[PDB]
Amino acid sequence: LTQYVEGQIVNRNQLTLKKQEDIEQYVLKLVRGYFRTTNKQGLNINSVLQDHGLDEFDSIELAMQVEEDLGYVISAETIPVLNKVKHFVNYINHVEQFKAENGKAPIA
Amino acid sequence: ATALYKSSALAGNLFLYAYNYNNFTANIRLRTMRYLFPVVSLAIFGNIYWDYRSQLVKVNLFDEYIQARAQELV
Amino acid sequence: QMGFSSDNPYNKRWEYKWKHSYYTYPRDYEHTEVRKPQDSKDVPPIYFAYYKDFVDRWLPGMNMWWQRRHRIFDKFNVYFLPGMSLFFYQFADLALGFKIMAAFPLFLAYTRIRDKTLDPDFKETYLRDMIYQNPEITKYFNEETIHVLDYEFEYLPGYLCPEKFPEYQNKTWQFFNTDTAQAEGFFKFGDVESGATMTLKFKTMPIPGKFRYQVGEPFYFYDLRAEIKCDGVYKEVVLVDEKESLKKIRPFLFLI
Amino acid sequence: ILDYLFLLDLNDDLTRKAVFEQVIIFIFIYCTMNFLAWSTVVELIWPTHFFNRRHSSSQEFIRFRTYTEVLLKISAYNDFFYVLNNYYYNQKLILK
Amino acid sequence: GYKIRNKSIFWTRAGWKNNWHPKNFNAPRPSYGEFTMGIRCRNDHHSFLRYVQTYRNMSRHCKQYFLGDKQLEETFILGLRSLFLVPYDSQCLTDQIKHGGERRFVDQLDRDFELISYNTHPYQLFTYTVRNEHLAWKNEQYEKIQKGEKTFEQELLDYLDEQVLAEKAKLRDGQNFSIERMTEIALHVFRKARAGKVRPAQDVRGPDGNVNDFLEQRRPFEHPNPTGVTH
Ligand SMILES: CCCCCCCCCCCCCCCCCC(=O)OC[C@H](COP(=O)([O-])OCC(O)COP(=O)([O-])OC[C@@H](COC(=O)CCCCCCCCCCCCCCCCC)OC(=O)CCCCCCCCCCCCCCCCC)OC(=O)CCCCCCCCCCCCCCCCC
Ligand SMILES: CCCCCCCCCCCCCCCCCC(=O)OC[C@H](COP(=O)([O-])OCC[N+](C)(C)C)OC(=O)CCCCCCCCCCCCCCCCC
Ligand SMILES: Nc1ncnc2c1ncn2[C@@H]1O[C@H](COP(=O)(O)OP(=O)(O)OP(=O)(O)O)[C@@H](O)[C@H]1O
Ligand SMILES: [Mg+2]
């Protein structure tokens, strides 16, 4: 559960959102944290990542970061459809609903 | 002389592996050598010692017979 | 259920389909997070490439045969072919033709065991073309915004109810098959644009098509149902109903 | 202890086949031959790589940066390069 | 300086500059269902997702040895994208390749990842060496700054700022201190500083300002020519 951060081993922390308002804030904080993102303040819930300097390969790096922060195991079949901020918010909810009803994580 | 040379040539292979240990161990393109070098090394050792051991047995059989057969003829 | 499964965490429904170009197997299984240099083992042990091929290729292949072993326990594979092999094996030393006629029934059994233990693969492109043609589904789902949450598809064990499918009460067919060759499953879908989810349940069976001896479609959806759920709307779509399909077409009853 | 280890014998090989002593001669020659041929093939890709990476670019097309060219520009720049950029920045962007 | 004169240099039997579908005798031909009994083919529609997972792996498996260096992770990403963007930006029509360029490139990236999973890929070892040399130079600057000492890089910047003031105080007729003029001033200093490293500045003469250094010299008694004879 530990990772290196600037040469120092730090314990990694996982988040549990379970709330709509907390998801929209996390995705924006996530997308605004990526060094390739343009117009970070012009970014909203209905923002197309293509309009902010992000391509298909950047959505992967973002999804890879969602697994780090939330502990999800995202399949390669789901990544290429995450092209908007709205998509990350709805996917995160669909995963929380799946685990709350089916008692397990979705197929990876 | 033959057993000593073949033992030195086998030791030469062990140096070649040690001199190139980092490559044989970490580079996967040389994995087959890493895996089968000792099998070939044992098969080489076996031939060296087998021949020495067999020659040694025969020499001892030859020596014990000429001594026994000689006393019978005396 | 997926029969071929390694310790790899990603892409479970594609593990048997993907043909990698690796000379050997990767040192570690696909990482689910960024790890430390000390979490992994440098210069993996000797004979590691062989160990991986056994636990990543051989072992999951035998777990597939064991998972679906109930589909090969037919009197033809169990008694007939092994008995045919023993009859000619007693004369194997007389000529070569006896060695052949004794090994052929074994190669034939392996082929039936091989094909019957594979994961049932339907033509998924035919399926998606079918649902994306329905307007009630395209309202909430699109290929550019759809994602898979769960997948299940497995053969049905034993013979079915002998009133809905009287075809399988055939002693000649039962001699070759102990299963039905039908499969049942579902698809858990989600749309990241509309926020909708649906469970696409389906039942399949092999059917004959346009020909006398060959099967037309080994996995024909004779029942296809979608239970769509949205923000506050629940819909139930019926793309293929079994009551209307079973009156037009009947199963195929594979032999050999 | 088993009889399979008898294959290690070469003192009395003339009693069974006397073939091992002549076959390995070919194997050593075959290895030497393949060593000369294969080493020539895999080594001689460097003249083409050296020439193309230095003479194949043209002005009517875009030359895209490679992985190595990215690491060198960002993590292998020298002192003169660091000074020149800050020298241009201070004079024009700050001091005009 | 020198241009290729042959106008037919880029000609192939398949067209001009065609490196995607070279002309061969056994050319691809169609297949008809009604007449085809069986077929053996390895082509599939799995290359897209394999192109996605291959990126996720090569990125995540390389970051294991970056030690949390954020500036290196971002630099590596830019380099990783340059490797995956080759089919999208090349002159070669990757969509017209002989038997599917998608499967070809994906299978090629898989061979790179295999080496990456073992931390034996030459791009990895090159990144470690390049980065260590960079941090050794950055730490040298830090150790000199904590002591209040001046770095060799700041001494140049200050020496260049004052030279600009001297050159523009006489440039009154015009008032366009072009970027060209700013450049030749810095390069002239660089050439003198570059030669100063091998021959440091002893006196007011400056870096590499002694003629006696270029008189006849001899190898020291303790370090003779080890590789060849001397006479
Ligand atoms: C014209 C007259 C003709 C005379 C004939 C003789 C001609 C000269 C022969 C020269 C070749 C033989 C070398 C003999 C030693 C000479 C000294 C020397 O090396 O030169 C100075 C040499 C420096 O070289 P340099 O020229 O000045 O500059 C080099 C550059 O810097 C670059 O640095 P570098 O390190 O990369 O350079 C390496 C350098 C030097 O490399 C070395 O490190 C020298 C060590 C070579 C060892 C040879 C193998 C012996 C294995 C050990 C046997 C031990 C037996 C007793 C065991 C007792 C304990 C139980 O070159 C070599 O490697 C020479 C290798 C020669 C080819 C061997 C090929 C063998 C396969 C073919 C077999 C053919 C049958 C005959 C085999 C006979 C074997 C007995 O000095 C050193 O290297 C100091 C080493 C200090 C630490 C050594 C620690 C011990 C290492 C032992 C290795 C253990 C291996 C695994 C165990 C095996 C046992 C089971
Ligand atoms: C009385 C003695 C019994 C007879 C002994 C028979 C020995 C059989 C084992 C040696 C033969 C190995 C030949 C393999 C050649 C083909 C390669 C291969 O394996 O493909 C696997 C393949 C793997 O899949 P694949 O290779 O076809 O494709 C994989 C696709 N990707 C890459 C995308 C994943 O699977 C199978 O072929 C099916 C499983 C066959 C199992 C083989 C026999 C296993 C025997 C188990 C019982 C043995 C009991 C003895 C142990 C007792 C305790 C010590
Ligand atoms: N039109 C074709 N032409 C030549 N070879 C083919 C063709 N279709 C399939 N093949 C080969 O037969 C294999 C299996 O085909 P199949 O359609 O069952 O794959 P699939 O991944 O299950 O498709 P889907 O996702 O639609 O279910 C393929 O991997 C291919 O090697
Ligand atoms: Mg399929």
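We did not get these values from a lab; they are worked out from the coordinates using the rules stated. Here Cβ is always computed from backbone atoms with ideal geometry, including for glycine, and neighbour counts include all displayed protein chains.
In peptide A:61-68, what is the residue-averaged number of other protein chain Cβ atoms found within 10 Å of each Cβ?
Mean partner shielding for this stretch: 4.
Please give the Cα centre distance for region E:121-182 versus region C:80-129, rounded to the nearest Å.
Using only Cα atoms to place each centre, the spacing works out to 76 Å.
Could you pull out every one of the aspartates and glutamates with an alpha carbon less than 17 Å from that of E:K17, ignoring same-chain neighbours closer than 8 positions?
List returned: D:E60, E:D89, E:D95.
Taking just the alpha-carbon atoms of region D:15-96, what radius of gyration and Dmax come out, in angstrom?
Reported Rg and Dmax, both Å: 27.8, 97.
Ratio to report: Rg/Rh of the protein assembly as shown, with Cα atoms as the point set and Rh obtained by the Kirkwood method; give two decimals.
Values: Rg = 36.4 Å, Rh = 34.4 Å.
Result: Rg/Rh = 1.06.
Using a 7 Å offset from the Cα along the Cα-to-Cβ direction at both E:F84 and C:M62, what is the distance between the two label points in nm, to one decimal?
Going from the E:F84 label point to the C:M62 one covers 3.8 nm.
Size of chain C along its principal axes in angstrom, Cα-based, largest extent first?
The Cα atoms of chain C stretch 77, 64, 28 Å along their principal axes.
Would you mind calculating the relative contact order of chain E from Cα pairs under 8 angstrom and at least 6 residues apart, reporting the percent as a whole number?
Relative contact order for chain E comes out at 13 percent.
Would you mind checking the tilt of helix E:47-62 against the longest principal axis of the Cα atoms of chain E, expressed as 0 to 90 degrees and rounded to 10?
Approximately 30 degrees, to the nearest ten.
Between E:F126, E:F177, E:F214, find the one with the highest GNM mean-square fluctuation for chain E; connect C-alpha pairs within less than 10 Å.
Among E:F126, E:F177, E:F214, the largest GNM mean-square fluctuation belongs to E:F214.
Using the basic label-point model (7 angstrom from Cα toward the beta carbon), what is the E:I145 to D:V19 distance in nanometres?
According to this spin-label approximation, the distance is 7.6 nm.
Cα-based count: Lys pairs in region E:132-231 below 25 Å, eight or more positions apart or different chains?
Qualifying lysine pairs in region E:132-231: 11.
Please report the net charge: other residues with Cβ closer than 15 Å to the Cβ of C:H31, K and R +1, D and E -1. Mind dumping the intermediate values first?
Working: positive: A:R12, C:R27, C:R35, C:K36, C:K41, E:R56, E:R60, E:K63; negative: A:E61, A:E67, A:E68, C:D7, C:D28, C:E30, C:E33, C:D39, E:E73, E:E114.
With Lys, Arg at +1 and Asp, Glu at -1, the net is -2.
Relative to the longest principal axis of the C-alpha atoms of chain D, give the angle of the C-alpha long axis of helix D:20-43, reported between 0 and 90° and rounded to the nearest 10°.
Here the helix axis deviates by roughly 10 degrees.
Under 16 Å Cα to Cα from C:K243, which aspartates and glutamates show up? Leave out anything in the same chain fewer than 8 places away.
Qualifying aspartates and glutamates at Cα under 16 Å: C:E163, C:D223.
For C:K210, which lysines qualify as cross-link partners when the Cα separation must be under 18 Å and same-chain residues fewer than eight apart are set aside?
Once the sequence-local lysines are set aside, what remains near C:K210 is C:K247, C:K248.
Using a Gaussian network model of chain C with C-alpha springs under 10 Å, which one of C:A196, C:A92, C:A102 is most mobile by mean-square fluctuation?
C:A92
Partner chain Cβ atoms within 10 Å, averaged over the residues of C:188-199 - can you pull that number for me?
Mean partner shielding for this stretch: 5.
Using a 10 Å cut-off on Cβ atoms, rank the peptides C:148-159, E:39-50, C:104-115 from the highest mean neighbour count down.
C:148-159, C:104-115, E:39-50
Name the helices (complete DSSP H segments) of chain C with a Cα length along the long axis of 27 Å or more and a Kyte-Doolittle mean of at least -0.5, or state none. Present the calculation step by step, with values, prior to reporting the outcome.
Numbers: long enough: C:96-117 (32 Å, 0.50).
Both cut-offs are met by C:96-117.
Using Cα pairs under 8 angstrom and six or more residues apart, how large is the relative contact order of chain A, in percent?
Computed value for chain A: 26 percent relative contact order.
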